[PDB]
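> Below you will find the structure I want to go over with you.
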Amino acid sequence: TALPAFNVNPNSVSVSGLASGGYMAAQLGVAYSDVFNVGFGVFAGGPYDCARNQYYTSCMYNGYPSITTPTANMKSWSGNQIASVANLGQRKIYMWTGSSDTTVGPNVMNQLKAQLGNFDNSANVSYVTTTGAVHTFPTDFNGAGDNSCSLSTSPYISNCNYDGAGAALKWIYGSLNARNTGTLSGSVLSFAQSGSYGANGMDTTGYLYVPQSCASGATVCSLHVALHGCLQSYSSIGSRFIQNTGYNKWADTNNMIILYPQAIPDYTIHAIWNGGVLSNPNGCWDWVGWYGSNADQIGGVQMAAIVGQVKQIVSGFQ
Ligand SMILES: *[C@@H]1O[C@H](CO)[C@@H](O)[C@H](O)[C@H]1NC(C)=O
């Protein structure tokens, strides 16, 4: 199936994600700040360009990664390898961490906050910590097969007594109509992540939730891109990220399409930015340089694929 064009305003696009998907969300929010022009959200991710000049595990396990060079790179690349960082001064930025997360962690997420603080507007930043939550996607309902919010294990989606999807979307878009807590009006569509929509480390197929109101094109809709983390691709947990995270509940009543690009496990070994080589058996988004030296810059193969998907969807704006 081909990815459809919808009546989506190009000025209403944003992105969020968990963990490696949170890292990627920030990579998109920075490198393509012009495309993701409303803002972005990061759940338990870390600094833009964190892993380029220090080993990636230093950007994990609740350590204190350096952001001296990453921040310098943002300044240096502005307007060339990434969109002008001036854009970040007019973006809504949502950030979340569990206080008990020792996989990425408060100390890592705080460095992302500090890094973006060089470029953003504090009034338009929301940084939230959920006490007791580990490395997992925070929701406020018992999604099928959810792990405990106090134990980090597959599918890494939990009832943390906190509606993370709603918090992120409401922060990014401002007011929203109450979420739909019952039968959704729309459908989850599948499309081929092929050609310009695809990249190494990405699955053959992606998904998007389209509310009934966005189907005809009679109504202008917005677009949020939601990125799963490692071990959360469709290959790993089927439709559980798409359904259990709670984005669609909010989208359904707010003329919003949610795009869910899909990574795929890749057992092959790749040279990465520093520290030698690494495989991607968990199907993570590329924040370490698996698929090229420009993973977090314009032209990064995965970011380019996601942006290509976005460009197609908004090309139907009337
Ligand atoms: C803050 O975000 C709002 C969107 O809600 C935007 O209109 C405004 O320009 C931003 N504020 C500043 C001064 O950047």
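In the structure tokens, chains take letters A, B, ... by order of appearance, with residues numbered from 1 within each chain and ligands from 1 in the order shown.
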Can you tell me, as a list in words, what residues are no more than 10 Å from residue 80 in chain A when counting only C-alpha atoms, ignoring any on the same chain fewer than 3 positions away?
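Once the adjacent positions are removed, what remains is residues 31, 76, 77, 83, 84, 297 and 298 of chain A.
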> Write a file of the just-selected residues containing C-alpha atoms, as a JSON list (two decimals), in the first residue's frame.

[["chain", "number", "residue", "atom", "x", "y", "z"],
["A", 31, "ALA", "CA", 18.03, 18.75, 12.35],
["A", 76, "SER", "CA", 28.35, 25.22, 14.22],
["A", 77, "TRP", "CA", 25.97, 23.25, 11.98],
["A", 83, "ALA", "CA", 18.05, 23.73, 10.22],
["A", 84, "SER", "CA", 18.75, 27.08, 11.90],
["A", 297, "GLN", "CA", 21.97, 15.63, 10.50],
["A", 298, "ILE", "CA", 19.98, 16.53, 7.39]]
> When you look at residue 222 in chain A with a cut-off of 9 Å (counting only C-alpha atoms), what residues show up, excluding the ones that are within fewer than 3 positions of it in the same chain? I need them as a ChimeraX atom specification.
/A:7-14,214,251,254-258,314
> Could you report the residues within 9 Å of ligand 1, using only C-alpha atoms and all ligand atoms, as a list in words?
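With only C-alpha atoms and all ligand atoms and a cut-off of 9 Å, ligand 1 is contacted by residues 38, 39, 87, 88, 89, 90, 91, 92, 120, 121, 122, 123, 124, 125, 171, 172, 173 and 174 of chain A.
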> Running DSSP on the backbone, which parts of range 4-225 of chain A land in strand (DSSP E), as JSON, numbers by chain?
{"A": [8, 9, 10, 11, 12, 13, 14, 15, 16, 17, 18, 39, 40, 41, 42, 43, 92, 93, 94, 95, 96, 97, 98, 125, 126, 127, 128, 129, 130, 137, 138, 139, 157, 158, 159, 187, 188, 189, 190, 191, 192, 205, 206, 207, 208, 209, 210, 221, 222, 223, 224, 225]}
> Atoms to include: C-alpha atoms. Write the selected residues as a tab-separated table (two decimals), in the first residue's frame.

chain	number	residue	atom	x	y	z
A	8	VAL	CA	-2.68	18.25	6.84
A	9	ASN	CA	-1.31	21.73	7.43
A	10	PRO	CA	2.51	21.63	7.06
A	11	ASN	CA	2.70	24.09	9.95
A	12	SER	CA	1.11	21.62	12.38
A	13	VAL	CA	3.76	18.88	12.39
A	14	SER	CA	5.52	17.52	15.48
A	15	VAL	CA	7.26	14.37	16.75
A	16	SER	CA	7.91	12.40	19.95
A	17	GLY	CA	9.36	9.06	20.98
A	18	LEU	CA	10.66	6.76	23.71
A	39	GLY	CA	7.73	21.23	18.48
A	40	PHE	CA	8.68	17.81	19.81
A	41	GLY	CA	8.59	15.50	22.82
A	42	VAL	CA	11.19	13.18	24.31
A	43	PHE	CA	10.45	10.31	26.71
A	92	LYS	CA	7.06	23.68	22.19
A	93	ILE	CA	9.32	21.09	23.80
A	94	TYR	CA	8.07	18.36	26.11
A	95	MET	CA	10.46	16.17	28.12
A	96	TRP	CA	9.75	13.26	30.48
A	97	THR	CA	11.71	10.87	32.64
A	98	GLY	CA	10.88	8.30	35.27
A	125	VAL	CA	9.35	23.93	27.75
A	126	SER	CA	7.71	21.33	29.99
A	127	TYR	CA	9.98	18.91	31.84
A	128	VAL	CA	8.18	16.23	33.84
A	129	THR	CA	9.43	13.53	36.20
A	130	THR	CA	7.17	10.67	37.27
A	137	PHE	CA	6.42	4.35	28.15
A	138	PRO	CA	4.09	6.04	30.70
A	139	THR	CA	0.33	5.67	30.25
A	157	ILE	CA	4.71	0.20	27.97
A	158	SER	CA	3.11	0.59	31.39
A	159	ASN	CA	0.29	1.95	33.48
A	187	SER	CA	-8.39	3.13	11.31
A	188	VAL	CA	-4.75	2.13	11.51
A	189	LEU	CA	-3.40	2.09	7.96
A	190	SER	CA	-0.27	0.30	6.77
A	191	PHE	CA	2.06	1.57	4.05
A	192	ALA	CA	5.31	0.52	2.38
A	205	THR	CA	6.01	-1.54	6.47
A	206	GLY	CA	4.96	1.49	8.51
A	207	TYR	CA	1.66	2.50	10.11
A	208	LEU	CA	-0.48	5.56	10.77
A	209	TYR	CA	-3.65	6.18	12.75
A	210	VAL	CA	-6.21	8.23	10.83
A	221	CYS	CA	-5.74	17.88	10.26
A	222	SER	CA	-2.46	17.98	12.17
A	223	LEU	CA	0.29	15.35	12.22
A	224	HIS	CA	2.28	13.87	15.10
A	225	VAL	CA	5.04	11.34	14.45
> Please, which residues in range 109-155 of chain A fall within 12 Å of range 24-29 of chain A when counting only C-alpha atoms, and what is the closest atom pair and distance in Å to one decimal for each, ordered by chain then residue number, as a tab-separated table?

residue	atom	partner	partner_atom	distance
A:109	CA	A:26	CA	11.3
A:112	CA	A:26	CA	8.9
A:113	CA	A:26	CA	10.9
A:115	CA	A:26	CA	11.2
A:116	CA	A:26	CA	9.6
A:120	CA	A:29	CA	11.8
> Go ahead and save the residues from that selection, with C-alpha atoms, as a PDB file, in the first residue's frame.

ATOM      1  CA  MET A 109      17.454  13.605  30.276  1.00  0.00           C
ATOM      2  CA  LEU A 112      19.111  17.247  27.088  1.00  0.00           C
ATOM      3  CA  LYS A 113      17.164  19.912  28.975  1.00  0.00           C
ATOM      4  CA  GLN A 115      21.471  21.507  26.018  1.00  0.00           C
ATOM      5  CA  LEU A 116      18.183  22.709  24.522  1.00  0.00           C
ATOM      6  CA  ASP A 120      14.743  27.333  23.496  1.00  0.00           C
TER       7      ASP A 120
END
> Write out as a count of residues only the residues lying within 8 Å of residue 286 in chain A, counting only C-alpha atoms and excluding same-chain residues fewer than 5 positions away.
5
> Write out as CSV the residues of range 98-153 of chain A that have any atom within 8 Å of an atom of range 58-74 of chain A, one row each with the nearest atom pair and its distance in Å to one decimal, counting only C-alpha atoms, sorted by chain and then rising number.

residue,atom,partner,partner_atom,distance
A:101,CA,A:62,CA,7.4
A:102,CA,A:61,CA,4.9
A:103,CA,A:61,CA,4.5
A:104,CA,A:60,CA,4.3
A:105,CA,A:62,CA,4.3
A:106,CA,A:62,CA,6.3
A:107,CA,A:62,CA,5.2
A:108,CA,A:62,CA,5.7
A:111,CA,A:67,CA,7.0
A:115,CA,A:71,CA,6.1
> Keeping C-alpha atoms for every residue in the selection just given, could you write it to a file as a PDB file, in the first residue's frame?

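Contents of result28.pdb, freshly written:
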ATOM      1  CA  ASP A 101      14.942   4.899  35.219  1.00  0.00           C
ATOM      2  CA  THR A 102      18.505   3.540  35.307  1.00  0.00           C
ATOM      3  CA  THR A 103      18.591   2.572  31.635  1.00  0.00           C
ATOM      4  CA  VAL A 104      18.728   6.129  30.324  1.00  0.00           C
ATOM      5  CA  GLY A 105      17.739   8.185  33.331  1.00  0.00           C
ATOM      6  CA  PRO A 106      17.103  11.607  34.958  1.00  0.00           C
ATOM      7  CA  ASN A 107      20.775  12.572  34.710  1.00  0.00           C
ATOM      8  CA  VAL A 108      20.805  11.959  30.951  1.00  0.00           C
ATOM      9  CA  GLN A 111      21.501  17.129  30.041  1.00  0.00           C
ATOM     10  CA  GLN A 115      21.471  21.507  26.018  1.00  0.00           C
TER      11      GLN A 115
END
> Name all residues at most 7 Å from residue 266 in chain A (count only C-alpha atoms; drop same-chain ones fewer than 5 positions away) and give them as an MDAnalysis selection string.
chainID A and resid 201 279:281 283
> Go ahead and save the residues from that selection, with C-alpha atoms, as a PDB file, in the first residue's frame.

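For reference, selection26.pdb as written:
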ATOM      1  CA  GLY A 201      17.394  -0.411   9.872  1.00  0.00           C
ATOM      2  CA  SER A 279      25.035  -4.291  15.812  1.00  0.00           C
ATOM      3  CA  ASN A 280      21.365  -3.315  16.154  1.00  0.00           C
ATOM      4  CA  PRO A 281      19.621  -6.570  17.210  1.00  0.00           C
ATOM      5  CA  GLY A 283      15.689  -2.627  16.304  1.00  0.00           C
TER       6      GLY A 283
END
> Would you pick out the contacts of residue 156 in chain A at 7 Å or less, using only C-alpha atoms, so that residues sharing its chain but fewer than 3 positions from it are not included, and give the list as an MDAnalysis selection string?
chainID A and resid 136:137 147 152:153
> Have a look at A:292, A:21, A:79, A:46 and name the one nearest to residue 200 in chain A; count only C-alpha atoms.
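Ranked by minimum distance to residue 200 in chain A, first place goes to A:292.
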> What does the structure give for the distance between CA of residue 240 in chain A and CA of residue 3 in chain A, in Å to one decimal?
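For CA of residue 240 in chain A relative to CA of residue 3 in chain A, the distance reads 21.2 Å.
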> Compile the contact shell of residue 140 in chain A as a short mmCIF file (atom, residue, chain, number, x, y, z; two decimals) with N, CA, C and O atoms, in the first residue's frame: residues with an atom at most 9 Å away, counting only C-alpha atoms, same-chain residues fewer than 4 positions apart removed.

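Here's the written file result32.cif:
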data_model
loop_
_atom_site.label_atom_id
_atom_site.label_comp_id
_atom_site.auth_asym_id
_atom_site.auth_seq_id
_atom_site.Cartn_x
_atom_site.Cartn_y
_atom_site.Cartn_z
N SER A 158 3.61 0.85 30.04
CA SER A 158 3.11 0.59 31.39
C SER A 158 1.95 1.49 31.78
O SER A 158 1.78 2.58 31.22
N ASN A 159 1.18 1.05 32.76
CA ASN A 159 0.29 1.95 33.48
C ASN A 159 1.10 2.61 34.59
O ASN A 159 1.28 2.03 35.66
N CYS A 160 1.62 3.80 34.32
CA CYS A 160 2.38 4.55 35.30
C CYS A 160 1.51 5.58 36.01
O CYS A 160 2.03 6.50 36.65
N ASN A 161 0.20 5.43 35.89
CA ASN A 161 -0.74 6.39 36.45
C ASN A 161 -0.38 7.79 35.95
O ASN A 161 -0.51 8.78 36.67
N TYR A 162 0.07 7.85 34.70
CA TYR A 162 0.40 9.12 34.07
C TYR A 162 0.21 9.00 32.56
O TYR A 162 0.84 8.17 31.91
N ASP A 163 -0.67 9.83 32.03
CA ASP A 163 -0.98 9.84 30.61
C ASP A 163 0.10 10.61 29.86
O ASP A 163 -0.04 11.81 29.61
N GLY A 164 1.18 9.92 29.51
CA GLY A 164 2.31 10.57 28.85
C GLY A 164 1.98 11.09 27.47
O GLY A 164 2.37 12.20 27.12
N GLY A 246 -1.48 5.24 23.79
CA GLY A 246 -2.52 6.21 24.08
C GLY A 246 -2.54 7.46 23.21
O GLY A 246 -3.36 8.35 23.44
#
> Find the residue from A:231, A:151, A:168, A:277 that sits nearest to residue 100 in chain A; use only C-alpha atoms when measuring.
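Among A:231, A:151, A:168, A:277, it is A:151 that comes nearest to residue 100 in chain A.
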> Name the residues in contact with residue 304 in chain A at a cut-off of 9 Å, using only C-alpha atoms, excluding same-chain residues fewer than 5 positions from it; report them as a list in words.
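So, after excluding close chain neighbours, the residues are residues 196, 197, 198, 199, 298, 299 and 309 of chain A.
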> Please, could you write that set of residues out with N, CA, C and O atoms as a PDB file, in the first residue's frame?

ATOM      1  N   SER A 196      11.982   6.385  -0.970  1.00  0.00           N
ATOM      2  CA  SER A 196      12.324   7.552  -0.164  1.00  0.00           C
ATOM      3  C   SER A 196      11.711   7.469   1.232  1.00  0.00           C
ATOM      4  O   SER A 196      12.054   8.259   2.111  1.00  0.00           O
ATOM      5  N   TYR A 197      10.805   6.514   1.425  1.00  0.00           N
ATOM      6  CA  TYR A 197      10.148   6.324   2.719  1.00  0.00           C
ATOM      7  C   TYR A 197      10.909   5.317   3.574  1.00  0.00           C
ATOM      8  O   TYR A 197      10.569   5.101   4.736  1.00  0.00           O
ATOM      9  N   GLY A 198      11.925   4.690   2.988  1.00  0.00           N
ATOM     10  CA  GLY A 198      12.617   3.611   3.669  1.00  0.00           C
ATOM     11  C   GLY A 198      14.099   3.864   3.862  1.00  0.00           C
ATOM     12  O   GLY A 198      14.663   4.799   3.294  1.00  0.00           O
ATOM     13  N   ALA A 199      14.728   3.019   4.672  1.00  0.00           N
ATOM     14  CA  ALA A 199      16.149   3.138   4.961  1.00  0.00           C
ATOM     15  C   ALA A 199      16.625   1.858   5.625  1.00  0.00           C
ATOM     16  O   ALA A 199      15.822   1.060   6.104  1.00  0.00           O
ATOM     17  N   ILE A 298      20.765  16.591   8.618  1.00  0.00           N
ATOM     18  CA  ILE A 298      19.981  16.534   7.392  1.00  0.00           C
ATOM     19  C   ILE A 298      20.604  15.485   6.468  1.00  0.00           C
ATOM     20  O   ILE A 298      21.817  15.463   6.272  1.00  0.00           O
ATOM     21  N   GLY A 299      19.772  14.598   5.929  1.00  0.00           N
ATOM     22  CA  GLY A 299      20.288  13.539   5.077  1.00  0.00           C
ATOM     23  C   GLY A 299      20.569  12.215   5.774  1.00  0.00           C
ATOM     24  O   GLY A 299      20.797  11.204   5.107  1.00  0.00           O
ATOM     25  N   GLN A 309       8.204  10.611   4.539  1.00  0.00           N
ATOM     26  CA  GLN A 309       6.858  10.193   4.899  1.00  0.00           C
ATOM     27  C   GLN A 309       6.012  11.403   5.269  1.00  0.00           C
ATOM     28  O   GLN A 309       4.876  11.542   4.819  1.00  0.00           O
TER      29      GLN A 309
END
> CA of residue 278 in chain A and CA of residue 19 in chain A are how many Å apart?
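Computing it gives 17.7 Å between the two atoms.
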